[PDB]
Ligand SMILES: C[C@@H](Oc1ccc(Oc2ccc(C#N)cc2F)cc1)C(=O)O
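Only one chain is included here, represented as structure tokens and corresponding to the form deposited without the named molecule.
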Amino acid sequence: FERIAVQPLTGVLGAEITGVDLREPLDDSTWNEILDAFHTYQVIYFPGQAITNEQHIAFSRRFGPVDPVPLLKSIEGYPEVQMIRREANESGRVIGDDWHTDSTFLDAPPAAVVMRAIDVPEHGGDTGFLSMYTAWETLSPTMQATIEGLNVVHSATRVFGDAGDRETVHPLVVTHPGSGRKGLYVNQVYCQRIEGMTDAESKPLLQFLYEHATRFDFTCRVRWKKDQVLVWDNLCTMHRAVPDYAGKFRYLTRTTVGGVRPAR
């Protein structure tokens, strides 16, 4: 890395990137290094990037087409820029407070999400991430061989479920179209059953994979500060909100980068 400075967060995933101004267009050499760090570290974040809504969209477009997720509210004037907002007065349960990755009920879920902290507490409201590369790679060779050929049925029936009940089928293990690396691909929010198996057969196996994937040693924990811009890979990671900031205002915006069909 010669155009940026990269500081890995853990031995598994996550890296802080400095030495670059996201308010400006990125030359080829700088963009290529950012993409290289993204593919390697899977979640990357840039402190001190007070970027406008328009600069947010422009940066996001470098990753791919900006295709908003279905269920979130957009800011006035910018359909692409969606809100993760919780009022100080707000009670109840937080958006995304279980391990998941976004919108896997889609035939082509999002490739990536670009999140920008606008107003965040001095402490509280971290976001957890984990690597599905590491999840797959830490399975024994025998377990890998055993489940590699399985497919899993996804649907949105528990988030907003007619379109919420529509099923799609994804491989249990997918090859990342950018890195070429294999990762586990299951999540408790959207996965319904292993295709072809009975309920009794499927439930314990999915349950094990949920437990395995979310092992603490496969995770990292990102702390937010105002003007922090973060990108996560929606194919090879999962993420989780942390609701430890009752009574405090928390506001981030996000753009969603379109992806292609998950493939073996």
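The first residue of the shown sequence is 1; numbering continues from there.
What follows is about the form solved in complex with the named molecule, which we do not show.
The chain is drawn here without the named molecule; in the bound PDB entry, the stretch among 116-124, 139-147, 94-102, 166-174 whose residues come within 4.5 Å of it by any heavy atom is 94-102. Taking 66, 26, 51, 69 one by one, only a single residue has any non-hydrogen atom within 4.5 Å of the named molecule in the bound PDB entry, and it is 69.
Within 4.5 Å of any heavy atom of the named molecule in the bound PDB entry lies no heavy atom of residue 153. Contact check for residue 190: a non-hydrogen atom falls within 4.5 Å of the named molecule in the bound PDB entry. Contact annotation for 146-184: a single residue, 159, has a non-hydrogen atom within 4.5 angstroms of the named molecule in the bound PDB entry.
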